[PDB]
$ cat protein.pdb   # PDB, C-alpha atoms
ATOM      1  CA  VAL A  12       0.000   0.000   0.000  1.00  0.00           C
ATOM      2  CA  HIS A  13       2.928   2.297   0.774  1.00  0.00           C
ATOM      3  CA  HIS A  14       4.363   1.905  -2.729  1.00  0.00           C
ATOM      4  CA  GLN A  15       2.947  -0.206  -5.565  1.00  0.00           C
ATOM      5  CA  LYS A  16       3.728  -0.200  -9.281  1.00  0.00           C
ATOM      6  CA  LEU A  17       1.379  -2.865 -10.647  1.00  0.00           C
ATOM      7  CA  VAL A  18       2.150  -2.730 -14.373  1.00  0.00           C
ATOM      8  CA  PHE A  19       1.208  -5.318 -17.016  1.00  0.00           C
ATOM      9  CA  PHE A  20       1.638  -5.454 -20.812  1.00  0.00           C
ATOM     10  CA  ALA A  21       3.494  -2.143 -20.717  1.00  0.00           C
ATOM     11  CA  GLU A  22       6.218  -0.854 -23.023  1.00  0.00           C
ATOM     12  CA  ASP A  23       5.662  -3.773 -25.386  1.00  0.00           C
ATOM     13  CA  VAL A  24       7.324  -3.659 -28.805  1.00  0.00           C
ATOM     14  CA  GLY A  25       6.716  -6.144 -31.615  1.00  0.00           C
ATOM     15  CA  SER A  26       4.501  -9.206 -31.236  1.00  0.00           C
ATOM     16  CA  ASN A  27       3.558 -10.259 -27.711  1.00  0.00           C
ATOM     17  CA  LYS A  28       1.062 -12.908 -26.622  1.00  0.00           C
ATOM     18  CA  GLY A  29       0.031 -14.212 -23.188  1.00  0.00           C
ATOM     19  CA  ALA A  30      -2.732 -14.633 -20.600  1.00  0.00           C
ATOM     20  CA  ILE A  31      -3.214 -14.449 -16.824  1.00  0.00           C
ATOM     21  CA  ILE A  32      -5.678 -16.666 -14.921  1.00  0.00           C
ATOM     22  CA  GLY A  33      -6.453 -16.408 -11.195  1.00  0.00           C
ATOM     23  CA  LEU A  34      -3.256 -15.315  -9.393  1.00  0.00           C
ATOM     24  CA  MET A  35      -3.866 -14.013  -5.868  1.00  0.00           C
ATOM     25  CA  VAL A  36      -1.410 -12.151  -3.640  1.00  0.00           C
ATOM     26  CA  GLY A  37      -2.204 -11.393  -0.010  1.00  0.00           C
ATOM     27  CA  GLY A  38      -5.705 -10.275   0.943  1.00  0.00           C
ATOM     28  CA  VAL A  39      -8.202 -11.717   3.402  1.00  0.00           C
ATOM     29  CA  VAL A  40     -11.346 -13.663   2.548  1.00  0.00           C
ATOM     30  CA  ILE A  41     -13.966 -15.496   4.629  1.00  0.00           C
ATOM     31  CA  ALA A  42     -13.452 -13.991   8.088  1.00  0.00           C
TER      32      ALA A  42
ATOM     33  CA  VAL B  12      -2.860   3.974  -1.185  1.00  0.00           C
ATOM     34  CA  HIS B  13       0.107   6.250  -0.505  1.00  0.00           C
ATOM     35  CA  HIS B  14       1.468   5.783  -4.026  1.00  0.00           C
ATOM     36  CA  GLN B  15      -0.023   3.633  -6.792  1.00  0.00           C
ATOM     37  CA  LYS B  16       0.688   3.562 -10.524  1.00  0.00           C
ATOM     38  CA  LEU B  17      -1.719   0.900 -11.797  1.00  0.00           C
ATOM     39  CA  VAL B  18      -1.019   0.952 -15.540  1.00  0.00           C
ATOM     40  CA  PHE B  19      -2.048  -1.668 -18.115  1.00  0.00           C
ATOM     41  CA  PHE B  20      -1.692  -1.877 -21.915  1.00  0.00           C
ATOM     42  CA  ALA B  21       0.203   1.413 -21.916  1.00  0.00           C
ATOM     43  CA  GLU B  22       2.894   2.629 -24.300  1.00  0.00           C
ATOM     44  CA  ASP B  23       2.264  -0.328 -26.597  1.00  0.00           C
ATOM     45  CA  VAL B  24       3.865  -0.302 -30.048  1.00  0.00           C
ATOM     46  CA  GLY B  25       3.179  -2.831 -32.799  1.00  0.00           C
ATOM     47  CA  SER B  26       0.938  -5.858 -32.306  1.00  0.00           C
ATOM     48  CA  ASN B  27       0.035  -6.832 -28.753  1.00  0.00           C
ATOM     49  CA  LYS B  28      -2.468  -9.429 -27.573  1.00  0.00           C
ATOM     50  CA  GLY B  29      -3.442 -10.653 -24.098  1.00  0.00           C
ATOM     51  CA  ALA B  30      -6.156 -11.000 -21.449  1.00  0.00           C
ATOM     52  CA  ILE B  31      -6.561 -10.744 -17.668  1.00  0.00           C
ATOM     53  CA  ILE B  32      -9.011 -12.901 -15.674  1.00  0.00           C
ATOM     54  CA  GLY B  33      -9.709 -12.570 -11.943  1.00  0.00           C
ATOM     55  CA  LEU B  34      -6.465 -11.472 -10.233  1.00  0.00           C
ATOM     56  CA  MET B  35      -6.983 -10.108  -6.713  1.00  0.00           C
ATOM     57  CA  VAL B  36      -4.474  -8.226  -4.565  1.00  0.00           C
ATOM     58  CA  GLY B  37      -5.193  -7.389  -0.936  1.00  0.00           C
ATOM     59  CA  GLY B  38      -8.659  -6.213   0.064  1.00  0.00           C
ATOM     60  CA  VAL B  39     -11.123  -7.580   2.597  1.00  0.00           C
ATOM     61  CA  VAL B  40     -14.305  -9.506   1.843  1.00  0.00           C
ATOM     62  CA  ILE B  41     -16.909 -11.266   4.006  1.00  0.00           C
ATOM     63  CA  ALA B  42     -16.310  -9.705   7.426  1.00  0.00           C
TER      64      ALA B  42
ATOM     65  CA  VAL C  12      -5.704   7.971  -2.371  1.00  0.00           C
ATOM     66  CA  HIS C  13      -2.698  10.225  -1.799  1.00  0.00           C
ATOM     67  CA  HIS C  14      -1.417   9.676  -5.335  1.00  0.00           C
ATOM     68  CA  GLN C  15      -2.984   7.488  -8.028  1.00  0.00           C
ATOM     69  CA  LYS C  16      -2.349   7.334 -11.771  1.00  0.00           C
ATOM     70  CA  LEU C  17      -4.809   4.673 -12.940  1.00  0.00           C
ATOM     71  CA  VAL C  18      -4.186   4.645 -16.697  1.00  0.00           C
ATOM     72  CA  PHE C  19      -5.292   1.984 -19.199  1.00  0.00           C
ATOM     73  CA  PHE C  20      -5.013   1.699 -23.001  1.00  0.00           C
ATOM     74  CA  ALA C  21      -3.086   4.969 -23.104  1.00  0.00           C
ATOM     75  CA  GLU C  22      -0.428   6.105 -25.566  1.00  0.00           C
ATOM     76  CA  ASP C  23      -1.136   3.110 -27.789  1.00  0.00           C
ATOM     77  CA  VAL C  24       0.396   3.052 -31.272  1.00  0.00           C
ATOM     78  CA  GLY C  25      -0.373   0.475 -33.958  1.00  0.00           C
ATOM     79  CA  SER C  26      -2.633  -2.517 -33.361  1.00  0.00           C
ATOM     80  CA  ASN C  27      -3.474  -3.406 -29.770  1.00  0.00           C
ATOM     81  CA  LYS C  28      -5.979  -5.954 -28.490  1.00  0.00           C
ATOM     82  CA  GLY C  29      -6.899  -7.095 -24.973  1.00  0.00           C
ATOM     83  CA  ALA C  30      -9.559  -7.367 -22.263  1.00  0.00           C
ATOM     84  CA  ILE C  31      -9.886  -7.034 -18.480  1.00  0.00           C
ATOM     85  CA  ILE C  32     -12.317  -9.125 -16.396  1.00  0.00           C
ATOM     86  CA  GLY C  33     -12.935  -8.710 -12.660  1.00  0.00           C
ATOM     87  CA  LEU C  34      -9.648  -7.613 -11.036  1.00  0.00           C
ATOM     88  CA  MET C  35     -10.083  -6.175  -7.534  1.00  0.00           C
ATOM     89  CA  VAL C  36      -7.511  -4.278  -5.474  1.00  0.00           C
ATOM     90  CA  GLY C  37      -8.148  -3.361  -1.848  1.00  0.00           C
ATOM     91  CA  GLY C  38     -11.581  -2.131  -0.802  1.00  0.00           C
ATOM     92  CA  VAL C  39     -14.006  -3.421   1.807  1.00  0.00           C
ATOM     93  CA  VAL C  40     -17.225  -5.326   1.153  1.00  0.00           C
ATOM     94  CA  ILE C  41     -19.804  -7.016   3.404  1.00  0.00           C
ATOM     95  CA  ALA C  42     -19.117  -5.393   6.778  1.00  0.00           C
TER      96      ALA C  42
ATOM     97  CA  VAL D  12      -8.517  11.961  -3.590  1.00  0.00           C
ATOM     98  CA  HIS D  13      -5.485  14.202  -3.119  1.00  0.00           C
ATOM     99  CA  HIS D  14      -4.276  13.570  -6.666  1.00  0.00           C
ATOM    100  CA  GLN D  15      -5.913  11.343  -9.282  1.00  0.00           C
ATOM    101  CA  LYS D  16      -5.359  11.114 -13.036  1.00  0.00           C
ATOM    102  CA  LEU D  17      -7.879   8.464 -14.108  1.00  0.00           C
ATOM    103  CA  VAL D  18      -7.336   8.349 -17.876  1.00  0.00           C
ATOM    104  CA  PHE D  19      -8.513   5.646 -20.300  1.00  0.00           C
ATOM    105  CA  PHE D  20      -8.315   5.284 -24.100  1.00  0.00           C
ATOM    106  CA  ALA D  21      -6.354   8.531 -24.305  1.00  0.00           C
ATOM    107  CA  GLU D  22      -3.737   9.591 -26.844  1.00  0.00           C
ATOM    108  CA  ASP D  23      -4.522   6.561 -28.992  1.00  0.00           C
ATOM    109  CA  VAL D  24      -3.059   6.414 -32.503  1.00  0.00           C
ATOM    110  CA  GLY D  25      -3.901   3.784 -35.112  1.00  0.00           C
ATOM    111  CA  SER D  26      -6.197   0.845 -34.406  1.00  0.00           C
ATOM    112  CA  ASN D  27      -6.964   0.022 -30.786  1.00  0.00           C
ATOM    113  CA  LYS D  28      -9.474  -2.467 -29.411  1.00  0.00           C
ATOM    114  CA  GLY D  29     -10.336  -3.518 -25.855  1.00  0.00           C
ATOM    115  CA  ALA D  30     -12.942  -3.709 -23.087  1.00  0.00           C
ATOM    116  CA  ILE D  31     -13.188  -3.301 -19.306  1.00  0.00           C
ATOM    117  CA  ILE D  32     -15.594  -5.332 -17.132  1.00  0.00           C
ATOM    118  CA  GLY D  33     -16.132  -4.843 -13.395  1.00  0.00           C
ATOM    119  CA  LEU D  34     -12.799  -3.743 -11.863  1.00  0.00           C
ATOM    120  CA  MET D  35     -13.152  -2.225  -8.384  1.00  0.00           C
ATOM    121  CA  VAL D  36     -10.520  -0.318  -6.409  1.00  0.00           C
ATOM    122  CA  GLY D  37     -11.074   0.678  -2.790  1.00  0.00           C
ATOM    123  CA  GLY D  38     -14.473   1.970  -1.700  1.00  0.00           C
ATOM    124  CA  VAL D  39     -16.854   0.754   0.982  1.00  0.00           C
ATOM    125  CA  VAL D  40     -20.109  -1.126   0.432  1.00  0.00           C
ATOM    126  CA  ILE D  41     -22.658  -2.742   2.766  1.00  0.00           C
ATOM    127  CA  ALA D  42     -21.890  -1.063   6.095  1.00  0.00           C
TER     128      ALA D  42
ATOM    129  CA  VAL E  12     -33.744 -15.702 -24.914  1.00  0.00           C
ATOM    130  CA  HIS E  13     -36.416 -18.364 -25.371  1.00  0.00           C
ATOM    131  CA  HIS E  14     -36.630 -19.007 -21.630  1.00  0.00           C
ATOM    132  CA  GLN E  15     -34.599 -17.312 -18.894  1.00  0.00           C
ATOM    133  CA  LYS E  16     -35.112 -17.216 -15.129  1.00  0.00           C
ATOM    134  CA  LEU E  17     -32.245 -15.009 -13.936  1.00  0.00           C
ATOM    135  CA  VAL E  18     -32.868 -14.881 -10.181  1.00  0.00           C
ATOM    136  CA  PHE E  19     -30.432 -13.745  -7.470  1.00  0.00           C
ATOM    137  CA  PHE E  20     -30.759 -13.314  -3.686  1.00  0.00           C
ATOM    138  CA  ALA E  21     -34.311 -14.650  -3.842  1.00  0.00           C
ATOM    139  CA  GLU E  22     -36.263 -16.564  -1.207  1.00  0.00           C
ATOM    140  CA  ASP E  23     -33.544 -15.908   1.359  1.00  0.00           C
ATOM    141  CA  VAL E  24     -34.272 -16.725   5.004  1.00  0.00           C
ATOM    142  CA  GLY E  25     -32.004 -15.869   7.928  1.00  0.00           C
ATOM    143  CA  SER E  26     -28.600 -14.245   7.489  1.00  0.00           C
ATOM    144  CA  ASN E  27     -27.051 -14.283   4.029  1.00  0.00           C
ATOM    145  CA  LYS E  28     -23.932 -12.496   2.821  1.00  0.00           C
ATOM    146  CA  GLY E  29     -22.152 -12.466  -0.544  1.00  0.00           C
ATOM    147  CA  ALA E  30     -21.003 -10.459  -3.569  1.00  0.00           C
ATOM    148  CA  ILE E  31     -20.718 -10.834  -7.351  1.00  0.00           C
ATOM    149  CA  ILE E  32     -17.927  -9.219  -9.412  1.00  0.00           C
ATOM    150  CA  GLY E  33     -17.669  -9.289 -13.210  1.00  0.00           C
ATOM    151  CA  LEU E  34     -19.118 -12.619 -14.425  1.00  0.00           C
ATOM    152  CA  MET E  35     -19.935 -12.653 -18.149  1.00  0.00           C
ATOM    153  CA  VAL E  36     -21.955 -15.249 -20.056  1.00  0.00           C
ATOM    154  CA  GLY E  37     -22.208 -15.198 -23.841  1.00  0.00           C
ATOM    155  CA  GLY E  38     -22.617 -11.886 -25.647  1.00  0.00           C
ATOM    156  CA  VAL E  39     -20.534 -10.250 -28.355  1.00  0.00           C
ATOM    157  CA  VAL E  40     -18.180  -7.300 -27.929  1.00  0.00           C
ATOM    158  CA  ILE E  41     -15.738  -5.505 -30.247  1.00  0.00           C
ATOM    159  CA  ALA E  42     -16.953  -6.574 -33.691  1.00  0.00           C
TER     160      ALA E  42
ATOM    161  CA  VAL F  12     -30.203 -19.308 -24.918  1.00  0.00           C
ATOM    162  CA  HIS F  13     -32.869 -21.956 -25.487  1.00  0.00           C
ATOM    163  CA  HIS F  14     -33.178 -22.663 -21.762  1.00  0.00           C
ATOM    164  CA  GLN F  15     -31.214 -21.018 -18.946  1.00  0.00           C
ATOM    165  CA  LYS F  16     -31.817 -20.991 -15.195  1.00  0.00           C
ATOM    166  CA  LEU F  17     -28.968 -18.825 -13.891  1.00  0.00           C
ATOM    167  CA  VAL F  18     -29.693 -18.765 -10.152  1.00  0.00           C
ATOM    168  CA  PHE F  19     -27.326 -17.682  -7.363  1.00  0.00           C
ATOM    169  CA  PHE F  20     -27.741 -17.321  -3.579  1.00  0.00           C
ATOM    170  CA  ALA F  21     -31.291 -18.643  -3.844  1.00  0.00           C
ATOM    171  CA  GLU F  22     -33.316 -20.597  -1.298  1.00  0.00           C
ATOM    172  CA  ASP F  23     -30.659 -19.999   1.347  1.00  0.00           C
ATOM    173  CA  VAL F  24     -31.482 -20.874   4.956  1.00  0.00           C
ATOM    174  CA  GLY F  25     -29.293 -20.071   7.955  1.00  0.00           C
ATOM    175  CA  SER F  26     -25.867 -18.465   7.640  1.00  0.00           C
ATOM    176  CA  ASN F  27     -24.236 -18.439   4.214  1.00  0.00           C
ATOM    177  CA  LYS F  28     -21.077 -16.648   3.112  1.00  0.00           C
ATOM    178  CA  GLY F  29     -19.205 -16.567  -0.206  1.00  0.00           C
ATOM    179  CA  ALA F  30     -17.979 -14.509  -3.165  1.00  0.00           C
ATOM    180  CA  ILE F  31     -17.603 -14.812  -6.947  1.00  0.00           C
ATOM    181  CA  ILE F  32     -14.762 -13.164  -8.906  1.00  0.00           C
ATOM    182  CA  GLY F  33     -14.415 -13.161 -12.701  1.00  0.00           C
ATOM    183  CA  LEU F  34     -15.835 -16.464 -14.016  1.00  0.00           C
ATOM    184  CA  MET F  35     -16.556 -16.430 -17.756  1.00  0.00           C
ATOM    185  CA  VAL F  36     -18.540 -18.987 -19.755  1.00  0.00           C
ATOM    186  CA  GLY F  37     -18.694 -18.867 -23.543  1.00  0.00           C
ATOM    187  CA  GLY F  38     -19.047 -15.520 -25.297  1.00  0.00           C
ATOM    188  CA  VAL F  39     -16.893 -13.841 -27.923  1.00  0.00           C
ATOM    189  CA  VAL F  40     -14.541 -10.910 -27.381  1.00  0.00           C
ATOM    190  CA  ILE F  41     -12.033  -9.085 -29.602  1.00  0.00           C
ATOM    191  CA  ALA F  42     -13.165 -10.087 -33.096  1.00  0.00           C
TER     192      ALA F  42
ATOM    193  CA  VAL G  12     -26.700 -22.936 -24.888  1.00  0.00           C
ATOM    194  CA  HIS G  13     -29.358 -25.565 -25.564  1.00  0.00           C
ATOM    195  CA  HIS G  14     -29.758 -26.332 -21.861  1.00  0.00           C
ATOM    196  CA  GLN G  15     -27.857 -24.745 -18.971  1.00  0.00           C
ATOM    197  CA  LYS G  16     -28.550 -24.784 -15.236  1.00  0.00           C
ATOM    198  CA  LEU G  17     -25.725 -22.652 -13.826  1.00  0.00           C
ATOM    199  CA  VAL G  18     -26.538 -22.655 -10.105  1.00  0.00           C
ATOM    200  CA  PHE G  19     -24.235 -21.627  -7.241  1.00  0.00           C
ATOM    201  CA  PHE G  20     -24.740 -21.333  -3.464  1.00  0.00           C
ATOM    202  CA  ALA G  21     -28.287 -22.636  -3.837  1.00  0.00           C
ATOM    203  CA  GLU G  22     -30.380 -24.626  -1.373  1.00  0.00           C
ATOM    204  CA  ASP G  23     -27.783 -24.086   1.344  1.00  0.00           C
ATOM    205  CA  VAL G  24     -28.695 -25.022   4.917  1.00  0.00           C
ATOM    206  CA  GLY G  25     -26.578 -24.278   7.982  1.00  0.00           C
ATOM    207  CA  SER G  26     -23.138 -22.681   7.775  1.00  0.00           C
ATOM    208  CA  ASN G  27     -21.426 -22.598   4.389  1.00  0.00           C
ATOM    209  CA  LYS G  28     -18.235 -20.800   3.396  1.00  0.00           C
ATOM    210  CA  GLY G  29     -16.282 -20.668   0.127  1.00  0.00           C
ATOM    211  CA  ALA G  30     -14.980 -18.564  -2.767  1.00  0.00           C
ATOM    212  CA  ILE G  31     -14.517 -18.803  -6.543  1.00  0.00           C
ATOM    213  CA  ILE G  32     -11.625 -17.131  -8.406  1.00  0.00           C
ATOM    214  CA  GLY G  33     -11.188 -17.063 -12.190  1.00  0.00           C
ATOM    215  CA  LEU G  34     -12.587 -20.335 -13.597  1.00  0.00           C
ATOM    216  CA  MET G  35     -13.219 -20.234 -17.352  1.00  0.00           C
ATOM    217  CA  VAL G  36     -15.163 -22.746 -19.443  1.00  0.00           C
ATOM    218  CA  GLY G  37     -15.226 -22.561 -23.231  1.00  0.00           C
ATOM    219  CA  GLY G  38     -15.523 -19.183 -24.934  1.00  0.00           C
ATOM    220  CA  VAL G  39     -13.305 -17.464 -27.478  1.00  0.00           C
ATOM    221  CA  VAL G  40     -10.956 -14.555 -26.827  1.00  0.00           C
ATOM    222  CA  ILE G  41      -8.390 -12.701 -28.955  1.00  0.00           C
ATOM    223  CA  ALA G  42      -9.441 -13.636 -32.493  1.00  0.00           C
TER     224      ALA G  42
ATOM    225  CA  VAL H  12     -23.195 -26.564 -24.835  1.00  0.00           C
ATOM    226  CA  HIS H  13     -25.848 -29.171 -25.617  1.00  0.00           C
ATOM    227  CA  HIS H  14     -26.334 -30.007 -21.939  1.00  0.00           C
ATOM    228  CA  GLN H  15     -24.501 -28.471 -18.976  1.00  0.00           C
ATOM    229  CA  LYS H  16     -25.281 -28.568 -15.259  1.00  0.00           C
ATOM    230  CA  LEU H  17     -22.485 -26.476 -13.749  1.00  0.00           C
ATOM    231  CA  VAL H  18     -23.391 -26.542 -10.050  1.00  0.00           C
ATOM    232  CA  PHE H  19     -21.154 -25.578  -7.112  1.00  0.00           C
ATOM    233  CA  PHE H  20     -21.743 -25.342  -3.342  1.00  0.00           C
ATOM    234  CA  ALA H  21     -25.285 -26.626  -3.820  1.00  0.00           C
ATOM    235  CA  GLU H  22     -27.441 -28.654  -1.445  1.00  0.00           C
ATOM    236  CA  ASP H  23     -24.910 -28.166   1.341  1.00  0.00           C
ATOM    237  CA  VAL H  24     -25.917 -29.155   4.874  1.00  0.00           C
ATOM    238  CA  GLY H  25     -23.870 -28.467   8.002  1.00  0.00           C
ATOM    239  CA  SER H  26     -20.421 -26.881   7.919  1.00  0.00           C
ATOM    240  CA  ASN H  27     -18.626 -26.760   4.574  1.00  0.00           C
ATOM    241  CA  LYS H  28     -15.403 -24.955   3.679  1.00  0.00           C
ATOM    242  CA  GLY H  29     -13.367 -24.777   0.458  1.00  0.00           C
ATOM    243  CA  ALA H  30     -11.994 -22.622  -2.365  1.00  0.00           C
ATOM    244  CA  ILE H  31     -11.444 -22.792  -6.133  1.00  0.00           C
ATOM    245  CA  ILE H  32      -8.506 -21.098  -7.895  1.00  0.00           C
ATOM    246  CA  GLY H  33      -7.980 -20.963 -11.671  1.00  0.00           C
ATOM    247  CA  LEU H  34      -9.346 -24.211 -13.173  1.00  0.00           C
ATOM    248  CA  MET H  35      -9.893 -24.038 -16.937  1.00  0.00           C
ATOM    249  CA  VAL H  36     -11.790 -26.515 -19.110  1.00  0.00           C
ATOM    250  CA  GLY H  37     -11.761 -26.265 -22.893  1.00  0.00           C
ATOM    251  CA  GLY H  38     -12.007 -22.855 -24.542  1.00  0.00           C
ATOM    252  CA  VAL H  39      -9.722 -21.100 -27.004  1.00  0.00           C
ATOM    253  CA  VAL H  40      -7.379 -18.212 -26.245  1.00  0.00           C
ATOM    254  CA  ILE H  41      -4.757 -16.331 -28.278  1.00  0.00           C
ATOM    255  CA  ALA H  42      -5.726 -17.200 -31.858  1.00  0.00           C
TER     256      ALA H  42
END
$ encode --input "protein.pdb" --output "structure tokens"
Amino acid sequence: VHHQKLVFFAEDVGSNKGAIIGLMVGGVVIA
Amino acid sequence: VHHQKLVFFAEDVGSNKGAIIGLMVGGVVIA
Amino acid sequence: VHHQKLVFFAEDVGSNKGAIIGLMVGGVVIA
Amino acid sequence: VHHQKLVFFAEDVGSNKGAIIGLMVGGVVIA
Amino acid sequence: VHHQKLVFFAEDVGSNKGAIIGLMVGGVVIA
Amino acid sequence: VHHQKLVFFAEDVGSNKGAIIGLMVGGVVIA
Amino acid sequence: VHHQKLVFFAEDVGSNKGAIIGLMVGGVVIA
Amino acid sequence: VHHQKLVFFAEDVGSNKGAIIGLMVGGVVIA
């Protein structure tokens, strides 16, 4: 929270392919 | 919260393909 | 909240394709 | 709140395609 | 389209908590 | 499309907690 | 499409907890 | 597509806990 960049598919040159599914970092669920 | 960039699909040159599904960072649910 | 950029699909040159589904950062639900 | 840019589909040159669904940052619901 | 029910949070008894984010079924975007 | 029920959090009795993020079935994007 | 039920958190009795992240069935993206 | 049930956390009695992350069946991405 103090400092976060969070950057995806940035500064891409040429042909780029990919995909992101799910992926969870930290956080609290079901308390 | 202090400093966040949060940038996606920025400064893209040429052909770029991709997709983002779900993906959760931090946060609180079901308290 | 202090400083946020929040920029998507900006400064795009050429052909760019993509999609964003869901994606949650921080926040509070169900208190 | 102090400083926010919030910019989407800006400064786009050429052909650009994409879509945003949901996506929630911060905020408080159901108190 | 022929027959759809589409019912959420219906016939609820007692204490129920939950949330729905995104979620897309069918449909056509970016043609 | 011919026949769809699509029912969530229905007929709930007692205490129930949960959450749904993303989740995509079928559909066409980026054509 | 011919016949779909699609039912979640239905007919729940007592205490139930859980969460769904991502999860994709079928569909076409990036054409 | 011809016939799908797709049912999760249904007909639950008593105390039930669990979580689903990712999980992909079929579908086509990056064409």
$ atom_distance --input "protein.pdb" --atom1 "CA of residue 16 (chain F)" --atom2 "CA of residue 27 (chain G)"
22.2 Å
$ interface_residues --input "protein.pdb" --of "chain F" --to "chain C" --cutoff "9 Å" --atoms "only C-alpha atoms" --output "compact mmCIF listing (two decimals) with C-alpha atoms, in the coordinates of the input"
# COMPACT_ATOMS: atom_id res chain seq x y z
CA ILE F 32 -14.76 -13.16 -8.91
CA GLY F 33 -14.42 -13.16 -12.70
CA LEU F 34 -15.84 -16.46 -14.02
CA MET F 35 -16.56 -16.43 -17.76
CA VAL F 40 -14.54 -10.91 -27.38
CA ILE F 41 -12.03 -9.09 -29.60
$ resolve_selection --input "protein.pdb" --expression "the PyMOL selection byres ((chain D and resi 17) around 7)" --output "compact mmCIF listing (two decimals) with C-alpha atoms, keeping the file's coordinate frame"
# COMPACT_ATOMS: atom_id res chain seq x y z
CA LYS C 16 -2.35 7.33 -11.77
CA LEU C 17 -4.81 4.67 -12.94
CA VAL C 18 -4.19 4.64 -16.70
CA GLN D 15 -5.91 11.34 -9.28
CA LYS D 16 -5.36 11.11 -13.04
CA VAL D 18 -7.34 8.35 -17.88
CA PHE D 19 -8.51 5.65 -20.30
$ resolve_selection --input "protein.pdb" --expression "the PyMOL selection byres ((chain E and resi 38) around 6)" --output "ChimeraX atom specification"
/E:37,39 /F:38
$ atom_distance --input "protein.pdb" --atom1 "CA of residue 21 (chain D)" --atom2 "CA of residue 20 (chain A)"
16.5 Å
$ resolve_selection --input "protein.pdb" --expression "the PyMOL selection byres ((chain A and resi 24) around 10)" --output "NGL selection string"
(:A and (20-23 or 25-27)) or (:B and (22-27)) or (:C and (24))
$ atom_distance --input "protein.pdb" --atom1 "CA of residue 36 (chain G)" --atom2 "CA of residue 12 (chain E)"
20.6 Å
$ decode --input "protein.pdb" --residues "region 23-35 of chain H" --atoms "N, CA, C and O atoms" --output "PDB file, in the first residue's frame"
ATOM      1  N   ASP H  23     -25.866 -27.959   0.261  1.00  0.00           N
ATOM      2  CA  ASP H  23     -24.910 -28.166   1.341  1.00  0.00           C
ATOM      3  C   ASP H  23     -25.606 -28.103   2.700  1.00  0.00           C
ATOM      4  O   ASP H  23     -26.372 -27.180   2.978  1.00  0.00           O
ATOM      5  N   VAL H  24     -25.327 -29.092   3.540  1.00  0.00           N
ATOM      6  CA  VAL H  24     -25.917 -29.155   4.874  1.00  0.00           C
ATOM      7  C   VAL H  24     -24.830 -29.271   5.934  1.00  0.00           C
ATOM      8  O   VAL H  24     -23.953 -30.128   5.837  1.00  0.00           O
ATOM      9  N   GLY H  25     -24.882 -28.412   6.949  1.00  0.00           N
ATOM     10  CA  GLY H  25     -23.870 -28.467   8.002  1.00  0.00           C
ATOM     11  C   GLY H  25     -22.764 -27.454   7.739  1.00  0.00           C
ATOM     12  O   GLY H  25     -23.023 -26.367   7.217  1.00  0.00           O
ATOM     13  N   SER H  26     -21.533 -27.797   8.124  1.00  0.00           N
ATOM     14  CA  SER H  26     -20.421 -26.881   7.919  1.00  0.00           C
ATOM     15  C   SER H  26     -19.570 -27.322   6.735  1.00  0.00           C
ATOM     16  O   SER H  26     -19.035 -28.429   6.719  1.00  0.00           O
ATOM     17  N   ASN H  27     -19.435 -26.442   5.748  1.00  0.00           N
ATOM     18  CA  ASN H  27     -18.626 -26.760   4.574  1.00  0.00           C
ATOM     19  C   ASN H  27     -17.665 -25.622   4.246  1.00  0.00           C
ATOM     20  O   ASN H  27     -18.066 -24.458   4.189  1.00  0.00           O
ATOM     21  N   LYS H  28     -16.400 -25.963   4.018  1.00  0.00           N
ATOM     22  CA  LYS H  28     -15.403 -24.955   3.679  1.00  0.00           C
ATOM     23  C   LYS H  28     -14.583 -25.399   2.469  1.00  0.00           C
ATOM     24  O   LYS H  28     -14.288 -26.583   2.317  1.00  0.00           O
ATOM     25  N   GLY H  29     -14.187 -24.447   1.626  1.00  0.00           N
ATOM     26  CA  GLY H  29     -13.367 -24.777   0.458  1.00  0.00           C
ATOM     27  C   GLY H  29     -13.114 -23.552  -0.419  1.00  0.00           C
ATOM     28  O   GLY H  29     -13.668 -22.485  -0.180  1.00  0.00           O
ATOM     29  N   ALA H  30     -12.287 -23.720  -1.449  1.00  0.00           N
ATOM     30  CA  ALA H  30     -11.994 -22.622  -2.365  1.00  0.00           C
ATOM     31  C   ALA H  30     -11.543 -23.153  -3.725  1.00  0.00           C
ATOM     32  O   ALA H  30     -10.925 -24.214  -3.810  1.00  0.00           O
ATOM     33  N   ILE H  31     -11.841 -22.400  -4.782  1.00  0.00           N
ATOM     34  CA  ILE H  31     -11.444 -22.792  -6.133  1.00  0.00           C
ATOM     35  C   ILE H  31     -10.590 -21.695  -6.778  1.00  0.00           C
ATOM     36  O   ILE H  31     -11.002 -20.539  -6.837  1.00  0.00           O
ATOM     37  N   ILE H  32      -9.405 -22.062  -7.257  1.00  0.00           N
ATOM     38  CA  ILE H  32      -8.506 -21.098  -7.895  1.00  0.00           C
ATOM     39  C   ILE H  32      -8.156 -21.531  -9.317  1.00  0.00           C
ATOM     40  O   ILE H  32      -7.792 -22.684  -9.544  1.00  0.00           O
ATOM     41  N   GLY H  33      -8.275 -20.614 -10.281  1.00  0.00           N
ATOM     42  CA  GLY H  33      -7.980 -20.963 -11.671  1.00  0.00           C
ATOM     43  C   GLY H  33      -8.982 -21.985 -12.181  1.00  0.00           C
ATOM     44  O   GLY H  33     -10.175 -21.696 -12.194  1.00  0.00           O
ATOM     45  N   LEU H  34      -8.488 -23.143 -12.637  1.00  0.00           N
ATOM     46  CA  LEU H  34      -9.346 -24.211 -13.173  1.00  0.00           C
ATOM     47  C   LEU H  34      -9.949 -23.802 -14.522  1.00  0.00           C
ATOM     48  O   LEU H  34     -10.879 -22.999 -14.593  1.00  0.00           O
ATOM     49  N   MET H  35      -9.402 -24.359 -15.601  1.00  0.00           N
ATOM     50  CA  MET H  35      -9.893 -24.038 -16.937  1.00  0.00           C
ATOM     51  C   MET H  35     -10.208 -25.303 -17.727  1.00  0.00           C
ATOM     52  O   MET H  35      -9.369 -26.195 -17.839  1.00  0.00           O
TER      53      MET H  35
END
